[PDB]
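Atoms within each ligand, like the ligands themselves, are counted from 1 in listed order. Because only heavy atoms are used, hydrogens play no part in the values below, and waters and symmetry mates are left out as well, while side chains stay in. Along the sequence shown, residues are numbered consecutively beginning with 1.
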Amino acid sequence: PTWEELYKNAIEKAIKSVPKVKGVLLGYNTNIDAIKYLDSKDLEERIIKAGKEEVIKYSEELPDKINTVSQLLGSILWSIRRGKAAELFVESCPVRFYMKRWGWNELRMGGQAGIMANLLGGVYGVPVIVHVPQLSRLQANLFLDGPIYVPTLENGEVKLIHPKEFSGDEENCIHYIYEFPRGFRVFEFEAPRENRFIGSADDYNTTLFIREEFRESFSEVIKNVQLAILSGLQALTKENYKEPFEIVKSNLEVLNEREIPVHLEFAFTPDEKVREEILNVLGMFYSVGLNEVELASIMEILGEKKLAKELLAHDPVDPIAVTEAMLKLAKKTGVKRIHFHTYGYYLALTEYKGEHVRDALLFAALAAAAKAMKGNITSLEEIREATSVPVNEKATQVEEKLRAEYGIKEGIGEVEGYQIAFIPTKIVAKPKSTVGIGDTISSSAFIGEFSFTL
Ligand SMILES: Nc1ncnc2c1ncn2[C@@H]1O[C@H](COP(=O)(O)O)[C@@H](O)[C@H]1O
Ligand SMILES: OC[C@H]1O[C@H](O)[C@H](O)[C@@H](O)[C@@H]1O
């Protein structure tokens, strides 16, 4: 059948199957996203005030973290020039102060765990248990109403309650999101693709703080979940990763023992040592999700300089280079499923076979389109409505390269024993913002694929 027909069948199947998932554990990063829609002249003026030469310097080479305003604006410009996503820790208090005064346009739920919780529980109706480092009033009320739960303790036993029911009022953890559209101008520079740069400005998610409830009472909490999605390790450094990693590994031991598939959402991990340590534990995960920037950063530490460069080229990055990169990652770690997403198409390399892998990708692509249009999804219907968004044209050539190289048919093929699944995506011409679309894509496909096996 045609791609349009495949999309249609996929959403109809998912609308029925997804709601059957009994429960999903989500951790560990949840925060408040302060989203700013960049303005050309405002940014140009600020770049000159900060020191333009330094700003340009950092737009050519991203720093490991942000300690100055020139580093912040230069990192934003880095993303603008390449039309690629990046995120760095704002270590400087003066810079965070500068960001607070600079402001934002809207406040939204942020973080892999937080965003996925609102989607799966708040929209899909799938019960979820989410880890929230700091449950401030603002944080709790950014959670949608529905089967979303956080663990608490009343007399030695776990009591699951909606975030809004939490009696405390902890700290507001803010991350600033700098969004820019395709064609955004800054002096002679022009954004080749709509994207954003993130300056994380809290001191809880950045150290991968994990609540007492998720420590040794974790077994009780996950008794009724069927899947788990973990993320947040991206902010750690060679100086503070040890302790958090041991907690995560303990959680993974419990999850693996109960045979609960776990998916890791990779994110921009600046510290090369931590990036390597994540790979060292990937074999404990059933699945992993990532974009072109993230896959490139992995190739970088694996010595694949060529693949890294190709994965950072203009959209759409070469699908063969991506597939070869995924093969290297799978062989190295033993992860069972790798879901790659980029602008124009998604790919999924799995050690097992099945059209349900491709169909789950199609479901996720529709969710991505809906999210791109409204900034936030309200219902499964909005996802179904996204079928009217045309499949992007450039994906035709991408599919052809894959067919010629691996012989994929209707998006499915095989390479070295693994199944390689491909789908051309539905790109929204004038998206509101880009932050969180990746999370929508990865979580929807992971839960969707699993739901298809029920
Ligand atoms: N205008 C758009 N329409 C549909 N999908 C989009 C659009 N802009 C970005 N995306 C998708 O959302 C993702 C954001 O990636 P990431 O920042 O890695 O989570 C990309 O990999 C694309 O698949
Ligand atoms: O995927 C979007 C999310 O990415 C990272 O988790 C950022 O820290 C967070 O601010 C953002 O909401």
Side-chain angles (χ1 to χ4, degrees), residues 26-35 79 83-90 104 107-119 133 142 173-182 191-202 204-206 208 229-235 265-270 289-297 311 315-317 322 339-347 361 364-376 386 389-392 395 423-445:
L26 301 167
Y28 300 92
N29 55 322
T30 296
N31 65 88
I32 299 166
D33 271 2
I35 305 171
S79 283
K84 296 294 192 304
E87 169 177 13
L88 296 177
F89 173 58
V90 182
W104 55 85
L107 292 179
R108 296 186 194 168
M109 166 62 71
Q112 270 64 52
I115 291 173
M116 297 181 179
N118 271 350
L119 179 63
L142 278 174
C173 293
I174 311 299
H175 287 193
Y176 296 81
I177 320 300
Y178 297 101
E179 298 275 351
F180 54 84
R182 165 182 300 287
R193 187 227 292 185
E194 55 269 45
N195 220 309
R196 83 299 182 285
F197 174 76
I198 301 177
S200 59
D202 76 287
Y204 283 87
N205 285 284
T206 51
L208 193 61
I229 301 180
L230 306 177
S231 191
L233 291 58
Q234 60 269 33
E265 190 60 10
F266 220 99
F268 195 78
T269 304
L290 37 59
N291 63 21
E292 73 295 317
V293 176
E294 295 153 1
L295 186 52
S297 75
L311 302 186
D315 302 329
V317 297
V322 172
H339 176 187
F340 167 87
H341 62 265
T342 195
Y343 199 80
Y345 70 99
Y346 305 154
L347 287 184
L361 292 184
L366 287 175
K371 172 74 172 179
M373 295 186 267
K374 301 170 177 55
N376 62 168
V389 179
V391 175
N392 73 279
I423 65 160
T425 59
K426 291 169 172 295
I427 296 292
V428 174
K430 301 296 184 181
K432 177 181 177 61
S433 54
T434 61
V435 69
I437 299 182
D439 299 323
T440 298
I441 289 174
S442 298
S443 63
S444 295

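- The option with the heavy atom closest to atom 10 (N) of ligand 1, from among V389, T425, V293, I437, is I437.
- Under the side-chain hydrogen bond (donor to acceptor under 3.5 Å, both in side chains) test applied with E265, the options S231, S442, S443 reduce to a single match, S442.
- Of the charged side-chain nitrogens involved, none lies within less than 4.0 Å of a carboxylate oxygen, so that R108 and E179 do not count as a salt-bridged pair.
- For atom 18 (O) of ligand 1, the nearest non-hydrogen atom of the protein is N291 ND2, 2.5 Å.
- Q234 places a side-chain N or O within 3.5 Å of a backbone atom of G232 that can act as its donor or acceptor partner.
- Protein heavy atom nearest atom 19 (O) of ligand 1, with residue, atom name and distance: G438 CA, 2.8 Å.
- Across all their heavy atoms, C173 and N31 have their closest contact at O-CB, 3.4 Å.
- Protein heavy atom closest to atom 7 (C) of ligand 1, with residue, atom name and distance, is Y343 CE1, 3.7 Å.
- In plain terms, the two heavy atoms of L107 and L142 that are nearest each other are O-CD2, 4.3 Å.
- Annotation: atom 3 (N) of ligand 1 to nearest protein heavy atom, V428 N, 3.0 Å.
- A salt bridge links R182 and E194; the closest N-O separation between the charged side-chain nitrogens and carboxylate oxygens is under 4.0 Å.
- Nearest protein heavy-atom contact of atom 5 (N) of ligand 1 is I427 CD1, 3.9 Å.
- Residue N392 holds its CG atom at 4.5 Å from OG1 of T425, rounded to the nearest 0.5 Å.
- Of all the heavy atoms of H175, the ones lying under 4.0 Å from any atom of ligand 2 belong exclusively to the side chain.
- Heavy-atom proximity to atom 10 (O) of ligand 2, evaluated over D33, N291, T440, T30, is greatest for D33.
- Between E194 and ligand 1, an N or O atom pair is found at a separation short of 3.5 Å.
- Distances shorter than 4.0 angstrom do not occur between any heavy atom of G438 and any atom of ligand 2.
- Scanning all protein heavy atoms for the shortest distance to atom 22 (C) of ligand 1 gives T342 O, 3.4 Å.
- Looking at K426, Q112, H341, it is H341 that brings a heavy atom closest to atom 16 (P) of ligand 1.
- Contact annotation for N29 and ligand 2: only side-chain heavy atoms (C-beta onward) come within less than 4.0 Å of the ligand.
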